[PDB]
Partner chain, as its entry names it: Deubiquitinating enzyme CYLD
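Quick setup: one chain, the form deposited without the partner chain, written in structure tokens, and binding and motion questions come after.
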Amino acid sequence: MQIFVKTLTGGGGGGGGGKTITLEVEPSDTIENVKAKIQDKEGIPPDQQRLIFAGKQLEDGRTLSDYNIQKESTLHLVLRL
């Protein structure tokens, strides 16, 4: 299944915002697995990633299906320092 990940626009305007990457996933993949797939594409360590869907921060041990994340769903990636 393919899903999309985008980052925040920020309260700064400009600079696009809509850019995405695509991930190949299964419904039974955990959020921790998804973070590892983002790391393969973008180099950002999983410890520094927060993922949001439907306005909610996603917990590592749940699966995509637990959050109703399906084909062509878009997750939002936010930095965690």
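Only the largest set of C-alpha atoms that superpose within 1.5 Å between the two forms is called the rigid core. Positions refer to the first chain, counted from 1.
Not pictured, yet referred to below: the form deposited with the partner chain bound.
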Quiz item: residue 36 near the partner chain in the deposited bound form, any heavy atom under 4.5 Å?
Solution: no
Quiz item: What residues of 32-67, in sequence order, lie within 4.5 Å of the partner chain in the deposited bound form by heavy atom?
Solution: 50, 52, 55, 56, 57, 59
Quiz prompt | Conformational change between the shown form and the other one, one of 22, 57, 65, 9, C-alpha moving 2 Å or more after core fit | solution = 9
